[PDB]
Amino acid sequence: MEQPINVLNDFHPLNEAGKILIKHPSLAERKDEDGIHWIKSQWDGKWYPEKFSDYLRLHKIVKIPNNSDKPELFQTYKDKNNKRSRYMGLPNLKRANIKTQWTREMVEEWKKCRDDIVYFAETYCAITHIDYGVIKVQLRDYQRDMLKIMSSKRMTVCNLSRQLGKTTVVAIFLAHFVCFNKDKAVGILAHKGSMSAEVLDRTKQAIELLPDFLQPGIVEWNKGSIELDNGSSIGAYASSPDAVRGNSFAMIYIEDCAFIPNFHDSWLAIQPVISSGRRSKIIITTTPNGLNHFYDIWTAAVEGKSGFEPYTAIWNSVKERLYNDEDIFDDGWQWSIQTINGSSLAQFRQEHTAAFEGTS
């Protein structure tokens, strides 16, 4: 008699010791509904089609309609043929302080966007599909959750894994913040100034695609900063105490925090910003880098010893990873095995499970 009767013959590197971190897909619940077979994921308790083709089939592909002829259709309208209303002859950008008359429906739609960030994202924001092109973005569950937390909490710290598409959500969040709030100065901080310029560029792209009624008039449009007619702005900087002390930000966004050398002095300088009577917002996102400064920030948040709300999302947040090479749902069994085998458990734990190398 070899291994017992009812013991699965498939093993996974992640279950390297008595601890089952990933359950075999054959043990999951299954059901038939809507004419197809479904399997329940162990990661979120949600149902997924057995076939990747159906997973793709069930997603809506809607292009961002190009409408520059019918104002009545204000939701998709952008007056780019009339370069008089344009900024620097730019067809996608709206000109500042331009007197415009609105209808009742337009005011309500604008308010709806101001108060429902998720609705704003999936109705007026996009991503570039490989073959379909520029279409409206359908947020991943973690992106929807992240957007909601960043908007509802004054300070948020996100411990994320790599390649989750987080820049897309950050861009939408910043675009939303400056478009629906007045006189708010936003500062983007990163290890290198070039990194912050990239975040700013992604945010500029989102604003550019917005219809006339949602897009604020453009006052300034540089590679290092922008200013809108509502008085809000965004600037890209290299993290340092001087960058923090040198401006009065309503919001500071820090990119890849755990990989910023000597961040401690920047963190120190941010304490007065946090405790200021102006109630500034602070958003931090990063993947782990051992037991350094970020580990301390994260731990305080998780233990409730700071004003920061913690948020985390790991590798299984990207659902395409839950289908194998034969386009069959396997809850990420194969993807994780190949990723670990192609690197190592240590690298996978840090890079994809958001674990802190600096062991407990």
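Residue numbers here begin at 1 and follow the sequence given.
Undergrad: What stretch has the higher average Cα B-factor here, 350-358 or 2-10?
TA: The stretch with the larger mean CA B-factor is 2-10.
Undergrad: Tell me which of 80-88 and 106-114 has the higher mean C-alpha B-factor in the deposited entry.
TA: Comparing 80-88 with 106-114, the higher average CA B-factor belongs to 80-88.
Undergrad: If you check the C-alpha B-factor for each of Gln143, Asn262, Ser151, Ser232 in the entry, which is highest?
TA: That would be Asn262.
Undergrad: Among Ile172, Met251, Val134, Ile284, which carries the highest Cα B-factor?
TA: That would be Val134, according to the entry.
Undergrad: Grab the CA temperature factor for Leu58 from the record and place it in the lowest, middle or highest third of its chain.
TA: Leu58: CA B-factor falls in the highest third of its chain.
Undergrad: Looking at the entry's B-factor column for C-alpha atoms only, identify whether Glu309 ranks in the lowest, middle or highest third of its chain.
TA: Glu309: CA B-factor falls in the lowest third of its chain.
Undergrad: Test of reading the entry: by CA B factor among the chain's modelled residues, which third contains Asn66?
TA: For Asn66, the deposited C-alpha B-factor lands in the highest third.
Undergrad: Determine, from the deposited record, the chain-internal third of the Cα B-factor for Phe177: lowest, middle or highest.
TA: CA B-factor rank for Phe177: lowest third.
Undergrad: Which third, lowest, middle or highest, does the CA B-factor of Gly18 fall in along this chain?
TA: For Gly18, the deposited C-alpha B-factor lands in the highest third.
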